[PDB]
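Trainee: Got a structure for you, written out below as structure tokens; questions coming shortly.
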């Protein structure tokens, strides 16, 4: 609803996991599977993807820890 998640930000810019997921330097499917109910990329990890994601780590690391 309110930012909440990487996907939630991501959908807004229409970028799919397949786009972003390669960059994190983790198995792409695994994050795709893991974002599928396990967890988001670690914030430092997210930064790597965030950099290419048109979305700063700060963009997802909003003062809304929810």
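Every number here is computed from the coordinates shown, using simple stated rules; none is lab data. Cβ: placed from backbone, ideal geometry, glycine included. Neighbour counts: every protein chain shown.
Trainee: Quick one: residue 26 ticks every box in (1) assigned to a helix (DSSP H, G or I); (2) in contact with a helix residue (DSSP H, G or I) (Cβ under 9 Å, 6 or more places away or on another chain); (3) surrounded by 12 or more Cβ atoms within 10 Å (Cβ to Cβ) bar one, so which box is it?
Mentor: So the condition that residue 26 fails would be (1).
Trainee: Being in contact with a helix residue (DSSP H, G or I) (Cβ under 6 Å, 6 or more places away or on another chain) and part of a helix (DSSP H, G or I) is the filter here; which residues of segment 31-42 pass it? Break it down into steps so the answer makes sense when it comes.
Mentor: Of segment 31-42, the ones in contact with a helix residue (DSSP H, G or I) (Cβ under 6 Å, 6 or more places away or on another chain) are 31-32, 40-41.
Answer for segment 31-42, where residues must be in contact with a helix residue (DSSP H, G or I) (Cβ under 6 Å, 6 or more places away or on another chain) and part of a helix (DSSP H, G or I): 31, 32.
Trainee: Name the residues in segment 45-61 that are surrounded by fewer than 16 Cβ atoms within 10 Å (Cβ to Cβ), in a loop (DSSP other than H, G, I, E, B) and in contact with a helix residue (DSSP H, G or I) (Cβ under 9 Å, 6 or more places away or on another chain), would you?
Mentor: So the first thing to find is which residues in segment 45-61 are surrounded by fewer than 16 Cβ atoms within 10 Å (Cβ to Cβ), and the list is 51-52, 54, 56, 58-59, 61.
This time we only want the ones that are in a loop (DSSP other than H, G, I, E, B), so: 54, 56, 61.
Answer for segment 45-61, where residues must be surrounded by fewer than 16 Cβ atoms within 10 Å (Cβ to Cβ), in a loop (DSSP other than H, G, I, E, B) and in contact with a helix residue (DSSP H, G or I) (Cβ under 9 Å, 6 or more places away or on another chain): 56, 61.
Trainee: While we're looking at this one, here's another question. Please go through segment 39-57 and pick out each residue that is more than 10 Å from the chain's Cα centre (by Cα) and more than 21 Å from residue 14 (Cβ to Cβ).
Mentor: Of everything in segment 39-57, just one residue is more than 10 Å from the chain's Cα centre (by Cα) and more than 21 Å from residue 14 (Cβ to Cβ), namely 44.
Trainee: Suppose we keep only residues that are touching a helix residue (DSSP H, G or I) at 6+ places or on another chain (Cβ under 9 Å) and part of a helix (DSSP H, G or I) within segment 9-23. Which one would you say is surrounded by the fewest Cβ atoms within 10 Å (Cβ to Cβ)?
Mentor: The residue in question is 18.
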